[PDB]
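In structure tokens, one chain follows: the form deposited in one PDB entry.
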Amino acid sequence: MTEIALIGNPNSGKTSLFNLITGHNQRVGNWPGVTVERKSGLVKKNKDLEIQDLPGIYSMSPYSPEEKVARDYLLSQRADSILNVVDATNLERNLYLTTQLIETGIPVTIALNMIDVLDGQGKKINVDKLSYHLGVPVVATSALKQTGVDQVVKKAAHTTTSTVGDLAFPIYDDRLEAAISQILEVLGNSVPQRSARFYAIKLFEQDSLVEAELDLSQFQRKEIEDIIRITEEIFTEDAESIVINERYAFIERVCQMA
């Protein structure tokens, strides 16, 4: 019925949560022809929902096979929803992947895990103000104390590709936004409308996998090269770095509440 994808940074509490949600309704196996573990399973309480676990990754780079597995699954549109496990204690760095996940076009829910530790240190997070400015639902969870779990799985199940109409994509500096829009318009119907922005930013970044597994015309390829060149001249920096700078700048802007 409903396909929810669990993903986040290594040691954010993925396995911990995954175990509490699925119980022993788990199946361990293979991603095709890749030396990467594949596990999935039914939600213990709502048996019509299935959770597909994804590799612990810091970002959708084209290098490690763990990230090719994650990129491919989330762009296959098999998942109805993305349940993002975020470490509360290292909130800033965790959101880096989050911004990339949102761009896939599959609705993202944040399980702000390890909320118990946050209290011990003294640091606080405004869950309401964070959620709104980030544009995604945020449910504080603790895999230790076992709080927020059922509340986040419920949120995830109701935040799907068939429920969500308006998807707030992280808006960056106008100069980069001009480029994304220029790449998008040129792409036309060559990319899935949902994943359009993911592919657009990946083409700007000059991503190996995206370019290779996309049959773009001579006209399209030339136009995308021009846009990249001029944007590099405007920012006086390479395309990969403009995007990295823009993600963190957005992350600090969102942390105007935290």
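One-based numbering along the sequence shown. By rigid core we mean the largest C-alpha set that fits within 1.5 Å across both forms.
Below, we refer to the form deposited in another entry, which is not included among the displayed structures.
Superposing the two forms on their core leaves just one of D116, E92, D72, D128 with a Cα displacement of at least 2 Å between the shown form and the other one, namely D72. Annotation: Cα of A249 displaced by less than 2 Å between the shown form and the other one, core superposition. Superposition of the core reveals a Cα shift of less than 2 Å for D226 between the shown form and the other one. Core-superposed comparison between the shown form and the other one: the Cα of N46 travels less than 2 Å. In comparison with the shown form, the Cα-Cα distance of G33 and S59 decreases by at least 3 angstroms in that other deposited form. Relative to this form, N30 and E103 separate from one another in that other deposited form, with their C-alpha atoms ending up at least 3 Å farther apart.
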